[PDB]
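Visitor: no sequence for this one, just the structure:
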Ligand SMILES: *[C@@H]1O[C@H](CO)[C@@H](O[C@@H]2O[C@H](CO)[C@@H](O[C@@H]3O[C@H](CO)[C@@H](O)[C@H](O)[C@@H]3O)[C@H](O)[C@H]2NC(C)=O)[C@H](O)[C@H]1NC(C)=O
Ligand SMILES: *[C@@H]1O[C@H](CO)[C@@H](O[C@@H]2O[C@H](CO)[C@@H](O[C@@H]3O[C@H](CO)[C@@H](O)[C@H](O)[C@@H]3O)[C@H](O)[C@H]2NC(C)=O)[C@H](O)[C@H]1NC(C)=O
Ligand SMILES: *[C@@H]1O[C@H](CO)[C@@H](O[C@@H]2O[C@H](CO)[C@@H](O)[C@H](O)[C@H]2NC(C)=O)[C@H](O)[C@H]1NC(C)=O
Ligand SMILES: *[C@@H]1O[C@H](CO)[C@@H](O)[C@H](O)[C@H]1NC(C)=O
Ligand SMILES: *[C@@H]1O[C@H](CO)[C@@H](O)[C@H](O)[C@H]1NC(C)=O
């Protein structure tokens, strides 16, 4: 078990304070040099209705926003059955990923 | 301060639509960037325009 | 966090520009309950305050 | 004609459009230059070939 280098899959720790939150906001620092363009890769993950409540604290869909220098985008998750898996590594999973 | 001013702690959300051009925004609650290009007095809040 | 920075360069593009008169909407009567209108130091006016 | 920045451009937002602007500018300058060069070349040809009438 691994993942994309490009991003980290934030699963909230263990039972604890695991629950649904209102949108959290995050700044993405510049990190590159000089006159370089910095391309940031990010996304999200959904699952079975029961798996969702197992993983995170929440059954309902979750919502996402990216803003970088004038360009705004908005996304909202799918809960129930997704498209048949494709171009993937080959193991069956109940969830999918948007990037 | 949010609960003092308005009735609400959680983030608030906004939308503009003018002749084909749609935009969407959602607020930050906790700590913001250090103030800049401002009038010089320290405030806890910030503004999106 | 918005395109606001270019607003002057946009105005610039036109031959004729002018702030308006009056107001495109009454803030105090707007939807969501009567509003007091907020002001902040760092934004002084002809007087001050 | 003049070739100035187009007014709805916006450097941050629309770069691609902008790149195409650049393209159209460069292409213009090139073409018009060629045309001029031609006009001159022709003109010089005339000036030098004309140099035989006094004889007549
Ligand atoms: C997606 O959600 C479904 C339920 O909607 C989950 O189904 C569970 O799938 C596993 C694998 O097919 C089943 O486990 C197997 O069950 C049998 C009998 O209990 C046991 O003999 C095996 O050792 C194994 O555990 C499980 O029973 C089934 N659950 C139900 C309700 O049918 C699936 O796990 C979910 N995926 C994600 C990633 O959470
Ligand atoms: C932003 O929220 C913070 C709390 O998270 C607010 O902090 C409050 O800041 C003021 C100014 O530093 C503190 O007031 C001073 O307190 C001392 C002792 O009570 C008193 O001697 C002074 O006369 C003065 O009132 C206040 O105690 C502090 N609150 C806490 C919880 O530490 C700040 O006011 C917030 N800003 C906005 C715009 O609401
Ligand atoms: C400049 O600012 C002052 C306050 O710093 C404004 O005075 C306020 O006026 C409103 C009504 O217009 C009153 O409700 C407030 O009580 C006034 N404040 C104080 C403390 O006097 C003034 O109106 C501003 N000047 C202009 C013309 O905008
Ligand atoms: C997905 O797989 C099932 C078999 O497990 C198949 O019946 C179904 O047609 C597939 N759906 C798609 C999108 O091809
Ligand atoms: C903001 O100000 C504090 C000092 O009050 C300083 O320590 C911090 O580095 C500043 N942050 C930024 C973004 O410069």
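Guide: Nice, thanks for sending it over. Numbers count the residues shown, from 1 in each chain, chains lettered A, B, ... in the order given. Ligands and ions are numbered 1, 2, ... in the order given.
Visitor: how close does the residue positioned nearest the centre of chain D get to ligand 1?
Guide: Residue closest to the average C-alpha location in chain D (Cα atoms, centre = their mean): residue D:32, at 1.9 Å. According to Cβ to the nearest ligand atom, to the nearest Å, residue D:32 stands 65 Å off from ligand 1. Bear in mind the C-beta positions are built from the backbone N, C-alpha and C, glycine included.
Visitor: A helix includes that residue, no?
Guide: Yes - with DSSP: H, G, I helix; E, B strand; the rest coil as the criterion, residue D:32 is assigned to a helix.
Visitor: For chain A, what lies in contact range of chain D?
Guide: Within chain A, the residues that sit near chain D (Cβ under 8 Å from any Cβ of the partner chain) are A:69-71.
Visitor: do the same with chain C
Guide: Near chain D, when you scan chain C using Cβ under 8 Å from any Cβ, you find C:3, C:5-6, C:9-10, C:13-14.
Visitor: Please convert the buried members of the residues you listed into ChimeraX selection syntax.
Guide: In ChimeraX, a selection of the buried entries from the residues of chain C next to chain D looks like this (16 or more other Cβ atoms under 10 Å in any protein chain shown):
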select /C:3,6
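Visitor: In helices, which of the residues of chain C next to chain D appear?
Guide: When DSSP state H defines the helices, the subset of these inside them is C:9-10.
Visitor: Alongside chain C, which residues does chain D contribute?
Guide: D:7-8, D:10-13.
Visitor: hmm, back to that, can I get the residues of chain C next to chain D in JSON lines including distance to residue C:26?
Guide: Shown next, in JSON lines, are the residues of chain C next to chain D (distance: Cβ to Cβ, whole Å):
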{"residue": "C:3", "distance to residue C:26": "27"}
{"residue": "C:5", "distance to residue C:26": "29"}
{"residue": "C:6", "distance to residue C:26": "29"}
{"residue": "C:9", "distance to residue C:26": "31"}
{"residue": "C:10", "distance to residue C:26": "27"}
{"residue": "C:13", "distance to residue C:26": "31"}
{"residue": "C:14", "distance to residue C:26": "28"}
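Visitor: No further questions, thank you.
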